[PDB]
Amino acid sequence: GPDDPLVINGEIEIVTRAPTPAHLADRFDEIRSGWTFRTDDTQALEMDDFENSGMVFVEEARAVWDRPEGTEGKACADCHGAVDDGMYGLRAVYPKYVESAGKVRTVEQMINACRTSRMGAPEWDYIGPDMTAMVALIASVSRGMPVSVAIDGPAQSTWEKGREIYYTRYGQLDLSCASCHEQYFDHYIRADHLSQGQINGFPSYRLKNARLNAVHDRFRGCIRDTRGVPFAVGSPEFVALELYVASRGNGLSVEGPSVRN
């Protein structure tokens, strides 16, 4: 049900309903996890890690985190320690401004920057299985913690670019993210119960394709399905949009890997 508590493994309280972030209070009263729009059976699959197929990949990523890889002969753990500490809280606050880049960067970009320039290892495909399993591991160790992406300071002009993309109609169907997710959340498009399009639960494990799904992969798909040309994965536009949509769920718990339709 939409108002039932989400607790994972019995220990991890997920805040699935929260007061609207100030920048968005204008448009609705509550923000809600996409979990709260799913059926009972589907909601069930995220309440416990032994049933969340997305967590199989996380466990594989736990192994990779400790595997030396690249010419430096190092593994993530060698610089970051145990993942449950080195990544603690981290998914809550990306996308964020990274001083060394002078830009807002995504978790995926940071990972790949570590891979090529500190590990001497090939980059992982931005929305490929390796990267998405790893991003899901990183997410999973912050579940429970309120998403808290800065939307001002040096992030601000990215945030506003993301915000303008979110309210631009695309495609020959001429639709914006807000066309569906803001105006019409809680309605149905065909079989799909429309959520607010939060990303606090990414990477999402979807029953549709039985794999983890990265934020930029959903974005791409979403614009594609306006019968339009999506931006590139990793593009500055999707980086902008991701920061923005993230802030639309500020206050919601980190939830990933989540289970969705």
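One rule holds for the numbers: they count along the sequence shown, beginning at 1.
Looking at 221 to 229 and 23 to 31 together, the entry lists the larger mean B-factor for 23 to 31, computed on C-alpha atoms. Relative to one another, 155 to 163 and 130 to 138 have unequal mean CA B-factors, and 155 to 163 is the one with the higher figure. Per the PDB record, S117 has a higher Cα B-factor than any other of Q172, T168, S179, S117.
When the modelled residues of the chain are ordered by C-alpha B-factor, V215 sits in the lowest third. Among all modelled residues in its chain, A63 ranks in the lowest third by Cα B-factor. Ranked against the other modelled residues of its chain, the C-alpha B-factor of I12 as given in the entry falls in the highest third.
Split the chain's modelled residues into thirds by C-alpha temperature factor. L207 is in the middle one.
Sort the chain's modelled residues by C-alpha temperature factor and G81 lands in the lowest third, per the entry.
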